[PDB]
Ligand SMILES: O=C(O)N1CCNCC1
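Shown next as structure tokens: one chain only, the form deposited without ligand BZP.
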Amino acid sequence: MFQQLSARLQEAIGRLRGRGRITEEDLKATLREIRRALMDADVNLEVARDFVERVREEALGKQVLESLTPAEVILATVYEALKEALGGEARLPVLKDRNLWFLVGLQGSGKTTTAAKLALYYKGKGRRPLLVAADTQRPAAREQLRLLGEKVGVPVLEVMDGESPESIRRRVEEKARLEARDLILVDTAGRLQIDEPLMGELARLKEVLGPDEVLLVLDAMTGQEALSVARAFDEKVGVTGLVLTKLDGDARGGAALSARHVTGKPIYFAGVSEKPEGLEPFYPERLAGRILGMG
């Protein structure tokens, strides 16, 4: 999955194979290689340092210095350390009879695409989604979600220019009651950078609509920095979970591996292609396996 990191890790481990017992010196050399692989993958410096302290402690706790096949102990502890950095176990959204979600984040992060993906995901699970196109600034934004809605077979309500947050609410709540739409997915405005006025508008919108979940959508190819906006969003709006997009173009994985530490939020979904089908519920253990070469 994260080819640069994946190859560096597997290499550092494969270097130990078939050489018998290792000394403490050998073990420290491998931990350094692991640390550099994480630093070059743009992993948060604190996450990387904790990762390797955890690999050390765990591997010594399994008597790696007495193992005749220490590569296998290192492989297992690296797996476990990847899993826990990614969040340990899956924490997926629990839906109720009526649900309203926001997708928030910077322009270009994958919000509109992710909205349509979620509508498709849940449509197939028996839900009746409604996309709400509430981004009025982005050129053709409403037409874009309108078209994606046609593609996935899901209705799209478009907010009008200047519409107030209470008018949006009434119109969305009306459309969802009349048509029995039990998952409302709201695609929101966003710029290339944190914009304070616009954050104010978003906060006001959140207060009025009262979403059950607020998904912060993050382009995984910007690495660590993708995560710099997380506190800003959370302090103003109240983020409940993350979507990490464009993992299919991400060679490093720094944002994914750093997300839990930096943001304290669970990863809900991964975006793995530009198609509406390109959406995976997020399981730390699957990605952990994938990074070390599984599948």
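Numbering starts at 1 and follows the sequence shown. For clarity, a rigid core is taken as the largest C-alpha set superposing within 1.5 Å between two forms.
Asker: Comparing 239-247 with 44-52, where is the mean C-alpha B-factor higher?
Answerer: According to the PDB entry, the answer is 44-52.
Asker: Which is higher in the entry, the mean Cα B factor of 13-21 or that of 276-284?
Answerer: The stretch with the larger mean CA B-factor is 13-21.
Asker: Looking at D187, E143, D212, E80, which one carries the largest C-alpha B-factor according to the PDB entry?
Answerer: That would be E143.
Asker: Among the choices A116, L106, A85, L178, identify the one whose CA B-factor in the record is greatest.
Answerer: If I rank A116, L106, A85, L178 by C-alpha B-factor, first place goes to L178.
Asker: Looking at the temperature factor on the CA atom of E33, which third of the chain's modelled residues does it land in?
Answerer: Lowest third, going by the recorded CA B-factors of the chain.
Asker: Ranking the modelled residues of this chain by C-alpha B-factor as given in the entry, is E207 in the lowest, middle or highest third?
Answerer: As the PDB entry reports it, the C-alpha B-factor of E207 lands in the middle third of its chain.
Asker: Could you tell me which third, lowest, middle or highest, the C-alpha B-factor of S167 occupies within its chain?
Answerer: For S167, whose C-alpha B-factor we compare with every modelled residue in the chain, the answer is the middle third.
Asker: Thinking about Cα B factors across the chain, which third does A226 belong to?
Answerer: It falls in the top third of the chain.
Asker: With respect to C-alpha B-factor, does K111 fall in the lowest, middle or highest third of the chain as deposited?
Answerer: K111: CA B-factor falls in the lowest third of its chain.
What follows is about the form solved in complex with ligand BZP, which we do not show.
Asker: Between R204, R91, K151, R98, only one gets a heavy atom within 4.5 angstroms of ligand BZP in the entry with it bound; which residue is that?
Answerer: Residue within 4.5 Å of the partner: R98.
Asker: To verify the annotation, which of these, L38, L242, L247, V55, has a non-hydrogen atom within 4.5 Å of ligand BZP in the entry with it bound?
Answerer: Result of the distance check: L247.
Asker: So in the entry with it bound, are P281, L287 and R290 all sitting within 4.5 Å of ligand BZP, heavy atoms only?
Answerer: Each of the three qualifies.
Asker: Taking 4.5 angstroms as the heavy atom distance cut-off, pick the stretch from 22-30, 41-49, 265-273, 58-66 that is near ligand BZP in the entry with it bound.
Answerer: The contacting stretch here is 265-273.
Asker: Quick one: lay the two forms over each other on the core and tell me which of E179, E143, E201, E72 moves its CA by at least 2 angstroms between the shown form and the other one.
Answerer: Correct option: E72.
Asker: For a quick test of reading the superposition: does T240 move by 2 Å or more at the CA between the shown form and the other one, rigid core aligned?
Answerer: After core superposition, the C-alpha of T240 moves less than 2 Å between the shown form and the other one.
Asker: Using a superposition on the rigid core, decide whether the Cα position of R231 changes by 2 angstroms or more between the shown form and the other one.
Answerer: The answer is no, as the C-alpha of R231 shifts between the shown form and the other one by less than 2 Å after core alignment.
Asker: Is the C-alpha displacement of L192 equal to or greater than 2 Å between the shown form and the other one once the rigid core has been superposed?
Answerer: Yes, because once the rigid core is superposed, the C-alpha of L192 moves 2 Å or more between the shown form and the other one.
Asker: Given that the CA-CA distance for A259 and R231 shifts by 3 Å or more in the entry with it bound, does it become closer or farther?
Answerer: Closer, not farther.
Asker: Mind checking the CA-CA distance of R15 and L247 in the entry with it bound? It differs by 3 Å or more from this form, so is it closer or farther?
Answerer: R15 and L247 sit farther apart in the entry with it bound.
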